[PDB]
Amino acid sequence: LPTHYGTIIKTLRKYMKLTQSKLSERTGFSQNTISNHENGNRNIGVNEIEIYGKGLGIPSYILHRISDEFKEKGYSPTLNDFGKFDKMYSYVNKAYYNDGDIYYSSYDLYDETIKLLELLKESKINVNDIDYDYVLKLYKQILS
């Protein structure tokens, strides 16, 4: 199954309001190399996602998890709603590295970010309307 890394990077580059040239100065890839990556002519290796992840400001493993969502579902709900994922992932990272109840009970910051988003959607509660302490209390309930 295809990895769809070309569409993922082009979508995330536009989400970060970066031109192909500005990303080119961070990654070190040429503007033509970046264009061929986004279009699909040149394949993107596991070491190129690492370079793209640092250039975009996103941990590279989230780009792998988005590519895995494409293979399993045909689409990526995280990529479709990345703004809500970005804001929600900031809360779990602050909670993971500052709260012992999360550090000693967490399993996967990506997986727990999705379920945390799903539980706000379960209550149909909008992100960005939520507080950090409000999400932390719910974070500790999912982790017993």
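Numbering starts at 1 and follows the sequence shown.
Undergrad: Given the B-factors recorded for C-alpha atoms, which segment has the greater mean, 120-128 or 13-21?
TA: Per the PDB record, 120-128.
Undergrad: Averaged over C-alpha atoms, is the B-factor higher for 46-54 or for 33-41 in this PDB entry?
TA: Mean CA B-factor is higher for 33-41.
Undergrad: Using only the C-alpha B-factors in the record, can you name which of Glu69, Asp99, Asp81, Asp111 has the highest?
TA: Answer, based on the entry's C-alpha B-factors: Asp81.
Undergrad: Thinking about Cα B factors across the chain, which third does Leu138 belong to?
TA: Answer is highest: the recorded C-alpha B-factor places it there.
Undergrad: Where does the C-alpha B-factor of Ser144 rank in its chain, lowest, middle or highest third?
TA: It falls in the top third of the chain.
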